[PDB]
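Undergrad: Can you keep this structure in mind? I'll have questions shortly.
Every read-out reported here was derived from the displayed coordinates using simple, explicitly stated rules and does not represent laboratory data. We place every Cβ from the backbone using ideal geometry, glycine too, and count neighbours over all the protein chains shown.
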Amino acid sequence: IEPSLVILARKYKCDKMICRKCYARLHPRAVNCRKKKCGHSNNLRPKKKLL
Amino acid sequence: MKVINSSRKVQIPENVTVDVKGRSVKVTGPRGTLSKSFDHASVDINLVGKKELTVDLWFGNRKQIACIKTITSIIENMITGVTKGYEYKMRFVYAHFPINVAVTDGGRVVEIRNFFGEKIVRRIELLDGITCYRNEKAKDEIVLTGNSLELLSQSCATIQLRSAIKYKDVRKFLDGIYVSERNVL
Amino acid sequence: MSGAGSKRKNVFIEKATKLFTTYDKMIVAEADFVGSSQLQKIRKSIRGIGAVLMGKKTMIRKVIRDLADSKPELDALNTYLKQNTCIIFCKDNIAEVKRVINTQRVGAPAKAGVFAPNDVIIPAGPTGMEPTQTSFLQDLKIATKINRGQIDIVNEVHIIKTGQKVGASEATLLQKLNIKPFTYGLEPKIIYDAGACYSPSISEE
Amino acid sequence: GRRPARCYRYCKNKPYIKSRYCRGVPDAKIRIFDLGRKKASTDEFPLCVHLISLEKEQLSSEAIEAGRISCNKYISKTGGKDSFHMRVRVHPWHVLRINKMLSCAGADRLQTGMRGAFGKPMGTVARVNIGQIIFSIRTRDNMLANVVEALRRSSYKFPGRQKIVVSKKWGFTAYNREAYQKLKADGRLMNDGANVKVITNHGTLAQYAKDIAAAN
RNA sequence: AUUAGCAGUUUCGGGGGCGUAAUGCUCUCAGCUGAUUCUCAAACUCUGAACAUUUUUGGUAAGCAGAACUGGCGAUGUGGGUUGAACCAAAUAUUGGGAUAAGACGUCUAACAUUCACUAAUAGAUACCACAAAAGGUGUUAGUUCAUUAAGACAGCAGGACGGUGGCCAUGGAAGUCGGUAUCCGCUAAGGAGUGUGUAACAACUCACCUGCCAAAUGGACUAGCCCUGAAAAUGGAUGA
RNA sequence: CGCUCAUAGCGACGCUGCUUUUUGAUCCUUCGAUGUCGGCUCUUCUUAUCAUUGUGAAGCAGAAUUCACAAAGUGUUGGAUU
């Protein structure tokens, strides 16, 4: 298993930044939930990794 | 505040000819014809002779000022697609199960069997300007190629979206068909 | 406005306009990939004979010195619009400076977006290829031909110079292979004089 | 537990203190008030960072104590204690009352429902007005960023809108910063500990030189 | 009712240091005294005004209970508030003309034109009145203040990111990167005895700061208009439609 | 607290609301009369969702479980005691 493929696959569905009200994936350079339920809230964490 | 005038300029290369008639831009290139309407704008698309195309907007504020760069860059996408059209490269990542991929060229469709060992066959048509082919050289990679970016990248996104592991932990499995490269020539 | 903020230019201009009128023969260099590891091993040789002095495009504050000096910032060769420079100043060794300044270079692989010096050779051939690293080079746009029993494209002539960026996929072919063809470092452009040009020729030796 | 403070939020009653007539009222939840170094001389801390209330209400003693702990803890984590000295500029004197009725399912039998309705004292409360300071912090000028965040941290324990101003005075005094600096550099200041006393022109009728030789 | 110190006493009541031991010198530390300092009250006062709205007590509250002035409903319709006992206008003999009042003027519905912004939500639309809050938003409009820049700004893309040194300590091992403490230097435009990821610790990638292309405005912390989140209840559904 | 880690999940000390499925509070209607508990039966409505459908988070390796969203379309039991 190539490490570059794991990096590419984590780029698309693991390296996100999930809002705290809206459990909703955003891009890793986000600052705001893009959705109305959040209230466009500026409260968001990274997606947690594995070990 | 809404500014008095906010224009942009699109540079037409010499082998490309635009045929615009009232917010209906139609490029014609060596490799293929492409067209898109911009009838959702209060915009006078207008060309200066042969080399230029000037998107303009009189008294736009925001949500209108913000749209002239969008519909300038979309005409630039239509231009670059008909000089040297886009070619996307898509790579297979799998943990254990080797993903098989079928391709014919009736509707240029892709068929993705043995994805995660699922026995459902993921037949997917391509958008109507697009073909694709397997990479004999680089292993486990299918290269998409086309004339429009809104067709090519959307076909690639449908391959990528339909190649997900459901009902599991997506941080570990990571089996799919993802866009790797986004070249032009 | 100006003259404010952190790491002030008003404490650099005391070096950037005052000691720039006390020197005879100078070297217009190139600092486009030069390290600080490779720099500390050339800034101890120049330190006894001169200095390594540059304000880096703060140097159009030298226009007030050009009243009687008539010093050109744009009238000489290499008109200073597309590159980075760190010019080499000397008091004692104005003459034999060109030999230790072009010795301490190290050959190394390049990356993507580097300023591409005049001597770059792409790693090719049988010794510049593995049978396992073909599948990376088999990823690119250019189709390969069979020459001397290897999936490889041959390009050993110089095609790129200063002012053209290197592609992104070419960087791993230099980094992963041990092929380091050129020993690069500081590059003298113009031999500058106090109001004129001493030698309007290049000499990398 | 305690009744919701939306009952006792707004001051609609006449003020009602612990006295000869309000006998058995329980104590206040805020026990200690002034926190920090507080042996600090007034020359040390020049910065008066306040927390004023924008609406008039009854800030409960239980709320002032929680805001006090929330303000103490964040600066003690940030720069350690003695880097500030805050008092609290509001005291819970008005006592609340509860006409307590039983939660029993047959409660018609037992409780005098609105007969002798005058409630028994629960808690205390502080009757803040609009623009009345409740949390005054005196600290160094290198903590204008942190004590405003601590007063923001205490603004969420308090009912409604609180405003963190940075006062234009030397800190727990009446004189402005350049005016305290004038009163010190011209020699009309003294050292009463954590506060000044100005050499006035009022004992200057025979002599005032007992104040001169101990001037700040 | 009541908070905090500073000073005097300070030897004292207790702790001790100090001359070798003590009402002997000084420190918190108690206490007495003085000049300060924070909040102060229906049953405190030096001073001290001018059903509905307002003043107002009990109650968590009530379309609850009780008062005071005034105006009403009861007694009283009419015009308006879709509707309505009290609200607004305005009081009633029977009528005609005119101008009005509150209220309105797309249609129901008698009555309009011109003009400047804000709202892009299925929102919002006559006080009483038929609700909504704390807390939020890189939604947009207006604004306040501070900082950056032709000594080349933010942003993008790239080059550097070195030594003494792997700082002291501590330990299988801890070397920039698990921790307690310091934080200076050479060389320069620029280096944290390191903003991080990882490792037998490194290595390797990385951020601080500087510099290269570039060409002109950039960044922040607030303020408060409208709007959005907050915002869930039973028949079908109500800015009156 | 969660080994480290405030906010996966929680969350004291406080504060801000909603609901009318608890019981109070009140006495506005009804005392020339509204038949008052429970159960059986049957229909419809609510969403504050237990399952099912689609999704997103986790301290989600798989399995199991936990948090949330669009969701009220369709289900939501047999019994001993009273």
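Undergrad: Taking the convex hull of the Cα atoms, report for chain A its projected area averaged over all directions, in nm². Before the final figure, lay out each step's value.
TA: Details: hull surface 15.1 nm².
Taking a quarter of the hull surface, the average projection is 3.8 nm².
Undergrad: Beyond 19 Å, what share of the Cα-Cα pairs of region B:86-185 remains, rounded to the nearest whole percent? Intermediate values should be presented prior to the final figure.
TA: Working: 1846 of 4950 pairs.
Within region B:86-185, distances greater than 19 Å cover 37 percent of Cα pairs.
Undergrad: Let me check against my output: what whole-number percent is the relative contact order of region B:112-177, with C-alpha pairs under 8 Å and at least 6 apart?
TA: Result for region B:112-177 is 26 percent.
Undergrad: Residue farthest toward the positive end of the dipole of the protein assembly as shown, with Cβ of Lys/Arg at +1 and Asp/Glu at -1: which of B:35, B:73, D:174?
TA: Of B:35, B:73, D:174, it is D:174.
Undergrad: Go ahead and collect, in residue order, the members of region C:115-158 whose backbone nitrogen is under 18 Å from a label point 7 Å along the Cα-Cβ direction of residue B:183.
TA: In region C:115-158, the label zone of residue B:183 (backbone N under 18 Å from the point 7 Å along Cα→Cβ) covers C:122-124, C:133-146, C:151-155.
Undergrad: I've got another one for you. Any idea what the relative contact order of chain B is, in percent, if you count C-alpha pairs under 8 Å spaced at least 6 apart?
TA: 21 percent
Undergrad: Over chain D, with a Gaussian network built from C-alpha contacts below 10 Å, which listed residue (D:135, D:118, D:84) shows the highest mean-square fluctuation?
TA: Looking only at D:135, D:118, D:84, the largest GNM fluctuation is found for D:118.
Undergrad: Any chance you could list P(r) for region D:122-216, counting all Cα-Cα pairs in 10 angstrom bins from zero, rounded to whole %?
TA: 12, 33, 26, 18, 9, 1
Undergrad: A follow-up question, please. Per residue, how big is the convex hull of chain B when only Cα atoms are used? Give it in Å³.
TA: Expressed per residue, the convex hull around the Cα atoms of chain B is 149 Å³.
Undergrad: So for chain D, taking the charge dipole from beta-carbon charges (+1 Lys/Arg, -1 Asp/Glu), which of D:33, D:205, D:102 sits furthest toward the positive end?
TA: The residue sitting farthest along the positive end of the dipole is D:102.
Undergrad: Loop sites only, by DSSP: take the GluC sites (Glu not before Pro) in chain B that have at most 14 other C-beta atoms within 10 Å and name the longest stretch containing none of them.
TA: On the way: sites that count: B:14, B:118, B:125, B:136.
Result, exposed sites excluded: B:15-117.
Undergrad: Could you please rank C:201, B:155, B:24, placing first whichever residue has the fewest other Cβ atoms within 10 Å of its Cβ? Could the numbers behind the result be given before it?
TA: On the way: C:201 10, B:155 25, B:24 13.
Fewest-to-most ranking of C:201, B:155, B:24: C:201, B:24, B:155.
Undergrad: Can I ask one more? Mind putting together the pair-distance distribution for region C:35-89? All Cα pairs, 10 Å bins, whole percent per bin, short to long.
TA: 20, 44, 31, 6
Undergrad: What's the magnitude of the charge dipole for the protein assembly as shown around its Cα centre, counting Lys and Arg as +1 and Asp and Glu as -1 at the beta-carbon? Answer in Debye, nearest 20.
TA: Using Cβ point charges on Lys, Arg, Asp and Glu, the protein assembly as shown gives about 4860 debye.
Undergrad: The protein assembly as shown: percent of C-alpha pairs farther apart than 33 Å?
TA: Within the protein assembly as shown, distances greater than 33 Å cover 74 percent of Cα pairs.
Undergrad: With Rg and the Kirkwood Rh both taken from Cα atoms, where does Rg over Rh land for region C:42-154?
TA: Computed over Cα atoms, the ratio is 1.17.
Undergrad: Now for a different question. Hey, rough spin-label estimate for residue B:51 and residue C:75, points 7 angstrom out along Cα→Cβ, what's it come to in nanometres?
TA: My value for the distance between the label points is 3.4 nm.
Undergrad: So, one more: Quick one: give the max-minus-min coordinate of the C-alpha atoms of region D:151-201 along each principal axis, largest first, in Å.
TA: If we take the Cα atoms of region D:151-201, the spans are 45, 20, 17 Å.
Undergrad: Please give, to one decimal in nm, the separation of the simple spin-label points placed at residue C:199 and residue D:120, each 7 Å out from Cα toward the Cβ.
TA: 10.4 nm
Undergrad: Which order results if D:184, C:56 are arranged by neighbouring Cβ count within 10 Å, fewest first? Please list the in-between numbers first.
TA: On the way: D:184 17, C:56 12.
Final ranking by Cβ density, sparse to dense: C:56, D:184.
Undergrad: Please work out the C-alpha center-to-center distance from region D:109-128 to chain A and express it in whole Å.
TA: So the two Cα centres are separated by 53 Å.
Undergrad: Find how many whole Å separate the alpha carbon centroid of region C:162-205 from the alpha carbon centroid of region B:60-103.
TA: 37 Å
Undergrad: Straight distance only, please: which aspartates and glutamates reach the Cα of residue C:91 with their own Cα at less than 16 Å, same-chain residues fewer than 8 apart left out?
TA: Hits, sequence-local ones excluded: C:24, C:193.
Undergrad: Another question about this same structure. For the pair residue D:200 and residue D:132, what calculated FRET efficiency results from E = 1/(1 + (r/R0)^6), where r is the Cβ-Cβ distance and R0 = 30 Å, to the nearest 0.05?
TA: Working from the Cβ atoms, E equals 0.55.
Undergrad: For chain D, what's the relative contact order in percent, using C-alpha pairs closer than 8 Å and at least 6 residues apart?
TA: For chain D, the relative contact order is 30 percent.
Undergrad: Between residue B:167 and residue B:134, take the C-beta separation as r, use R0 = 35 Å, and let me know the FRET efficiency to the nearest 0.05.
TA: Once the sixth-power term is evaluated, E becomes 0.75.
Undergrad: List the residues of region B:48-65 whose backbone N lies under 12 Å from a point placed 7 Å from the Cα of residue B:42 along the Cα-to-Cβ direction.
TA: Zone members listed by number: B:57-65.
Undergrad: Could you tell me which trypsin sites (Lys or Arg not before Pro) in region B:29-78 are loop residues by DSSP with no more than 15 other beta carbons within 10 angstrom of their beta carbon?
TA: Of the trypsin sites (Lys or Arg not before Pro), the ones in loops of region B:29-78 whose Cβ has at most 15 other Cβ atoms within 10 Å are B:31, B:50, B:51, B:62, B:63.
Undergrad: Can you show me the helix-derived [θ] at 222 nm for the protein assembly as shown, built from DSSP H runs with n ≥ 4 at -39,500 (n - 2.57) apiece and divided by the number of residues, rounded to the nearest 500. Don't skip to the end; give the middle numbers.
TA: Numbers: 11 runs with 101 residues, N = 657.
Helix contribution divided over all residues of the protein assembly as shown: -4500 deg cm²/dmol.
Undergrad: Hey, another quick one. Zone of residue C:162 (label point 7 Å along Cα→Cβ, backbone N under 13 Å): which residues in region C:23-50?
TA: C:27-34
Undergrad: Treating only the Cβ atoms of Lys and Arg (+1) and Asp and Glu (-1) as charged, compute the dipole magnitude of chain B about its Cα centre; round to the nearest 20 debye. Could you put the intermediate results ahead of the total?
TA: Numbers: 30 positive and 20 negative charges, 90 e Å.
Dipole of chain B, to the nearest 20 debye: 440 debye.
Undergrad: How big is the charge dipole of chain A about its Cα centre, in debye rounded to the nearest 20, if each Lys and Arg gets +1 on its Cβ and each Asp and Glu gets -1 on its Cβ?
TA: Using Cβ point charges on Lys, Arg, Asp and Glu, chain A gives about 340 debye.
Undergrad: Which distance in nm do the two modelled labels at residue D:214 and residue C:171 give, with both placed 7 Å along the Cα-to-Cβ direction?
TA: 7.3 nm
Undergrad: Given B:89/C:176; D:39/D:77; A:36/D:12; A:21/A:49; B:89/B:168; B:21/C:82, which pairs have Cα atoms separated by over 31 Å?
TA: A:36/D:12; B:21/C:82
Undergrad: Could you list the trypsin sites (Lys or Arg not before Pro) in region C:121-173 that lie in coil according to DSSP, counting only those with at most 12 other Cβ atoms within 10 Å of their Cβ?
TA: Details: sites: C:141, C:145, C:148, C:161, C:165; in loops: C:141, C:148, C:161, C:165.
Those satisfying the criteria are C:148, C:161, C:165.
Undergrad: Give me the Kirkwood hydrodynamic radius of region D:122-163 in Å, from all C-alpha pairs, to one decimal place? Working shown, then result.
TA: Values: mean 1/r = 0.0832 Å⁻¹.
After inverting the pairwise mean of 1/r, the radius is 12.0 Å.
Undergrad: With r as the distance between the Cβ atoms of residue B:14 and residue B:58 and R0 = 35 Å, compute the FRET efficiency 1/(1 + (r/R0)^6) and round to 0.05.
TA: Here the calculated transfer efficiency is 0.70.
Undergrad: Which of the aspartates and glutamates could be linked to residue D:197 by a straight reach, that is with a Cα gap under 12 Å, when you skip same-chain ones fewer than 8 residues away?
TA: D:211
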